[PDB]
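Written below as structure tokens is the structure these notes are about.
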Amino acid sequence: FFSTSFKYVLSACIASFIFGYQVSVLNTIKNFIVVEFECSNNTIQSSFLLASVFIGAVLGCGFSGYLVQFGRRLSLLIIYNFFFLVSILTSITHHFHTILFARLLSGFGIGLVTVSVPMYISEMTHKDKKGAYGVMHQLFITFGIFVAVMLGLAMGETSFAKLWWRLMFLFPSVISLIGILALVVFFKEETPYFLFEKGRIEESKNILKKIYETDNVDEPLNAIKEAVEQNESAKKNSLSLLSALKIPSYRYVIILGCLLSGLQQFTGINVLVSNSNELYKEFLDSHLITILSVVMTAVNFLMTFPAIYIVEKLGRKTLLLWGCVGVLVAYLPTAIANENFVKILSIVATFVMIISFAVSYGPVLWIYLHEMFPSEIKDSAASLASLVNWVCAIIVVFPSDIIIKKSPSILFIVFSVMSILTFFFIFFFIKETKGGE
Ligand SMILES: OC[C@H]1O[C@H](O)[C@H](O)[C@@H](O)[C@@H]1O
């Protein structure tokens with residue numbers, strides 16, 4: 001291996017770290033902002049504010065199609081400028097209105113990352129290393145979440161606090177300023193799949209010529225030529241944004257693609273992300289909440305590492321099924337228990353689900369998505385599938401908190417039904433991809 005392939009992956013992964021940090025920055029220092037702003041109406045406003053990121057990420061995943069059409073060059077570059085300017089706005093805080101709009105674009109930006117970065121990795125790494133390098137995207141999403149917790153709880157236990165949580169929202173602007181200037185050493189080249197948009201064939205050759213340092217790249221460029229000629233034809237055919245529902249041959253991929261992306265949220269990951277400091281308040285103290293959460297995100301970040309190597313060994317379908325097994329062992333034993341014995345099962349729920357998610361479904365989705373739909377439909381369908389993920393985030397998180405307050409037994413039971421449904425969905429429909437186009 002030649003680390004120049006990984007070099008371009010890490011440069012795009014700065015945007016994955018800005019996503020993960022934006023997701024949980026406000027979710028940790030939420031209580032601090034309440035002090036200035038105004039429980040009660042704050043609980044309602046805070047839920048509205050949480051939604052703006054999910055509603056914005058839907059619109060981000062939507063736009064990162066019209067945007068990616070101009071290249072993953074501008075697509076990534078633009079996020080770093082945007083996120084630097086959103087971080088400047090989020091940091092200037094006064095009232096809910098300002099921070100709702102600011103955290104709506106922190107969601108629009110986040111959306112772009114979910115489509116743009118996995119596509120960049122998928123479109124520059126070798127067929128055989130595609131999965132592990134795509135796993136990097138999640139490895140920095142998870143790292144972004146944990147960093148936010150360690151940075152925030154650093155102030156935990158004020159005048160030198162009001163000038164700190166402000167400095168926390170501003171942190172991703174410096175990271176974006178790093179990433180933007182870092183894509184001056186890297187972003188003088190765009191992924192070889194740009195052969196279809198621009199006939200810069202010699203430039204396309206010189207991309208793979210540096211990636212693996214092989215001067216004769218007749219193998220992947222003639223493989224890209226066959227994938228580009230399939231696109232060149234479809235444009236003359238005029239295959240619409242849809243045509244998936246119109247053509248049964250294309251419906252089986254768009255529907256299964258959207259279904260798998262949506263089923264990621266029907267696991268209960270973002271219930272533990274957005275309500276880390278809230279869901280544990282039911283019994284556990286404020287001193288305990290901060291510990292069980294800082295350990296959780298550290299575990300979540302650490303568990304993404306084993307996925308790097310086992311995504312090419314087992315594959316994508318083999319890993320997906322194992323994640324659905326571990327989630328049944330995390331949900332069903334806790335579901336019947338609540339119809340010292342259940343206090344132990346609380347820690348089992350805390351980590352068994354986190355452990356099985358970060359190594360299995362978490363990264364696999366964002367890499368399996370850019371491995372499906374081998375033709376022009378690729379970028380197109382990969383944007384709408386990732387949008388369903390952010391649509392489902394609203395569909396899962398919102399009712400989950402309502403149902404946790406009324407009956408937790410029914411909640412863990414419905415999540416175990418989905419844990420059975422997803423396993424048998426992957427086993428019956430989901431393909432296995434280890435190298436293609
Ligand atoms: O690690 C947690 C994260 O995993 C994935 O990236 C999901 O898409 C995201 O919604 C979740 O917050």
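Ordered as shown in the structure tokens, chains take letters A, B, and onward, while each chain numbers its residues from 1 and ligands are numbered from 1 in the order shown.
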
List the spatial neighbours of residue 312 (chain A) as a PyMOL selection string - criterion: any atom at most 7 Å away, only C-alpha atoms, same-chain residues fewer than 5 positions off excluded. chain A and resi 131-132+434

Store the residues picked out above in a file with N, CA, C and O atoms, as a PDB file, in the first residue's frame.
ATOM      1  N   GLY A 131     -14.005  -0.250   1.378  1.00  0.00           N
ATOM      2  CA  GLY A 131     -14.735  -0.337   2.632  1.00  0.00           C
ATOM      3  C   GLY A 131     -14.011   0.218   3.828  1.00  0.00           C
ATOM      4  O   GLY A 131     -14.586   1.015   4.560  1.00  0.00           O
ATOM      5  N   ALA A 132     -12.754  -0.173   4.029  1.00  0.00           N
ATOM      6  CA  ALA A 132     -11.983   0.291   5.179  1.00  0.00           C
ATOM      7  C   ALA A 132     -11.782   1.799   5.135  1.00  0.00           C
ATOM      8  O   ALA A 132     -11.933   2.483   6.149  1.00  0.00           O
ATOM      9  N   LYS A 434     -17.846  -6.116  -2.409  1.00  0.00           N
ATOM     10  CA  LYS A 434     -16.477  -5.995  -1.901  1.00  0.00           C
ATOM     11  C   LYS A 434     -15.535  -5.257  -2.871  1.00  0.00           C
ATOM     12  O   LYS A 434     -14.403  -4.951  -2.502  1.00  0.00           O
TER      13      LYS A 434
END

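Proximity to region 229-237 of chain A at 9 Å, evaluated using only C-alpha atoms and with sequence-adjacent residues fewer than 5 positions away removed, yields residues 196, 224, 374, 375, 376 and 377 of chain A.
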
Please tabulate, as JSON lines, the residues of chain A that come within 7 Å of ligand 1, each with its closest pair of atoms and the distance in Å to one decimal, counting only C-alpha atoms and all ligand atoms and ordering rows by chain, then residue number upward.
{"residue": "A:138", "atom": "CA", "partner": "ligand 1", "partner_atom_place_in_ligand_line": "6 (O)", "distance": 5.7}
{"residue": "A:141", "atom": "CA", "partner": "ligand 1", "partner_atom_place_in_ligand_line": "6 (O)", "distance": 6.1}
{"residue": "A:142", "atom": "CA", "partner": "ligand 1", "partner_atom_place_in_ligand_line": "1 (O)", "distance": 4.9}
{"residue": "A:265", "atom": "CA", "partner": "ligand 1", "partner_atom_place_in_ligand_line": "10 (O)", "distance": 6.8}
{"residue": "A:269", "atom": "CA", "partner": "ligand 1", "partner_atom_place_in_ligand_line": "11 (C)", "distance": 6.0}
{"residue": "A:270", "atom": "CA", "partner": "ligand 1", "partner_atom_place_in_ligand_line": "12 (O)", "distance": 5.1}
{"residue": "A:273", "atom": "CA", "partner": "ligand 1", "partner_atom_place_in_ligand_line": "12 (O)", "distance": 6.1}
{"residue": "A:300", "atom": "CA", "partner": "ligand 1", "partner_atom_place_in_ligand_line": "1 (O)", "distance": 6.6}
{"residue": "A:358", "atom": "CA", "partner": "ligand 1", "partner_atom_place_in_ligand_line": "1 (O)", "distance": 6.3}
{"residue": "A:362", "atom": "CA", "partner": "ligand 1", "partner_atom_place_in_ligand_line": "5 (C)", "distance": 4.9}
{"residue": "A:363", "atom": "CA", "partner": "ligand 1", "partner_atom_place_in_ligand_line": "6 (O)", "distance": 6.8}
{"residue": "A:389", "atom": "CA", "partner": "ligand 1", "partner_atom_place_in_ligand_line": "8 (O)", "distance": 6.9}
{"residue": "A:393", "atom": "CA", "partner": "ligand 1", "partner_atom_place_in_ligand_line": "10 (O)", "distance": 7.0}

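Across A:143, A:423, A:82, A:266, the tightest approach to residue 399 (chain A) is made by A:266 when counting only C-alpha atoms.
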
Can you tell me, as a PyMOL selection string, what residues are no more than 9 Å from residue 368 (chain A) when counting only C-alpha atoms, ignoring any on the same chain fewer than 3 positions away? chain A and resi 131+134+257+316+363-365+371-372+432-433

Hey, could you make a per-residue contact list for region 266-288 of chain A against region 340-353 of chain A with 12 Å as the cut-off, showing the nearest pair of atoms and its distance in Å to one decimal, counting only C-alpha atoms, sorted by chain and number, as a tab-separated table?
residue	atom	partner	partner_atom	distance
A:267	CA	A:353	CA	8.8
A:268	CA	A:353	CA	8.8
A:269	CA	A:353	CA	8.3
A:270	CA	A:353	CA	11.8
A:271	CA	A:350	CA	11.7
A:272	CA	A:350	CA	8.7
A:273	CA	A:350	CA	11.6
A:276	CA	A:350	CA	10.3
A:279	CA	A:350	CA	10.9
A:280	CA	A:346	CA	9.7
A:282	CA	A:346	CA	11.7
A:283	CA	A:343	CA	9.8
A:284	CA	A:343	CA	10.1

Restricted to N, CA and C atoms, what would the selected residues look like written as a CSV table (one decimal), in the first residue's frame?
chain,number,residue,atom,x,y,z
A,267,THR,N,-33.0,1.7,15.0
A,267,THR,CA,-32.1,1.1,15.8
A,267,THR,C,-32.0,1.8,17.2
A,268,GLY,N,-32.2,3.1,17.2
A,268,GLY,CA,-32.2,3.9,18.4
A,268,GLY,C,-30.8,4.5,18.7
A,269,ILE,N,-30.1,4.9,17.7
A,269,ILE,CA,-28.7,5.4,17.9
A,269,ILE,C,-28.9,6.9,18.3
A,270,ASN,N,-29.6,7.7,17.5
A,270,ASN,CA,-29.7,9.1,17.8
A,270,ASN,C,-30.6,9.4,19.0
A,271,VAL,N,-31.2,8.4,19.6
A,271,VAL,CA,-32.0,8.6,20.8
A,271,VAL,C,-30.9,8.7,22.0
A,272,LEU,N,-29.8,8.0,21.9
A,272,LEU,CA,-28.7,8.0,22.8
A,272,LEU,C,-27.7,9.1,22.5
A,273,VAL,N,-27.7,9.7,21.3
A,273,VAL,CA,-26.9,10.8,20.9
A,273,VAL,C,-27.5,12.2,21.4
A,276,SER,N,-28.4,12.1,25.6
A,276,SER,CA,-27.3,11.5,26.4
A,276,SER,C,-27.4,12.0,27.8
A,279,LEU,N,-31.8,11.2,29.0
A,279,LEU,CA,-32.4,9.9,29.3
A,279,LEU,C,-31.9,9.2,30.6
A,280,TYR,N,-30.7,9.6,31.0
A,280,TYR,CA,-30.1,9.0,32.2
A,280,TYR,C,-30.6,9.7,33.5
A,282,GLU,N,-33.6,10.1,34.5
A,282,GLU,CA,-34.7,9.3,35.0
A,282,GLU,C,-34.4,8.6,36.4
A,283,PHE,N,-33.2,8.1,36.5
A,283,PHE,CA,-32.7,7.6,37.8
A,283,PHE,C,-31.3,8.1,38.2
A,284,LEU,N,-30.4,8.0,37.3
A,284,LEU,CA,-29.0,8.3,37.6
A,284,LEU,C,-28.8,9.8,37.8

Separation of CA of residue 430 (chain A) from CA of residue 328 (chain A), in Å and rounded to one decimal: 19.1 Å

Could you work out how far CA of residue 261 (chain A) lies from CA of residue 385 (chain A), giving the answer in Å with one decimal? 6.0 Å

Hey, which of A:228, A:86, A:217, A:119 ends up closest to residue 173 (chain A)? Count only C-alpha atoms. A:86

Contacts of region 40-150 of chain A with region 10-31 of chain A up to 8 Å, shortest pair per row, only C-alpha atoms, as a Markdown table:
| residue | atom | partner | partner_atom | distance |
| --- | --- | --- | --- | --- |
| A:76 | CA | A:12 | CA | 7.1 |
| A:79 | CA | A:15 | CA | 7.4 |
| A:80 | CA | A:15 | CA | 7.0 |
| A:83 | CA | A:18 | CA | 7.8 |
| A:106 | CA | A:22 | CA | 6.5 |
| A:109 | CA | A:19 | CA | 7.9 |
| A:110 | CA | A:19 | CA | 5.1 |
| A:113 | CA | A:15 | CA | 6.4 |
| A:117 | CA | A:12 | CA | 6.1 |
| A:120 | CA | A:12 | CA | 7.3 |
| A:121 | CA | A:12 | CA | 7.7 |
| A:136 | CA | A:13 | CA | 7.0 |
| A:137 | CA | A:16 | CA | 5.7 |
| A:138 | CA | A:16 | CA | 7.2 |
| A:140 | CA | A:17 | CA | 4.8 |
| A:141 | CA | A:20 | CA | 4.2 |
| A:142 | CA | A:20 | CA | 6.2 |
| A:143 | CA | A:17 | CA | 6.5 |
| A:144 | CA | A:20 | CA | 4.1 |
| A:145 | CA | A:20 | CA | 4.9 |
| A:146 | CA | A:21 | CA | 7.8 |
| A:147 | CA | A:21 | CA | 6.9 |
| A:148 | CA | A:25 | CA | 5.2 |
| A:149 | CA | A:28 | CA | 6.4 |

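With only C-alpha atoms as the atoms that count, the minimum distance from residue 331 (chain A) to the choices A:108, A:412, A:428, A:366 is reached by A:412.
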
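CA of residue 238 (chain A) sits 18.6 Å away from CA of residue 70 (chain A).
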
If DSSP is run on the backbone, what residues of region 268-386 of chain A are alpha helix (DSSP H)? A reply as a PyMOL selection string would be ideal. chain A and resi 269-274+276-279+286-302+304-313+317-337+341-359+361-368+377-386
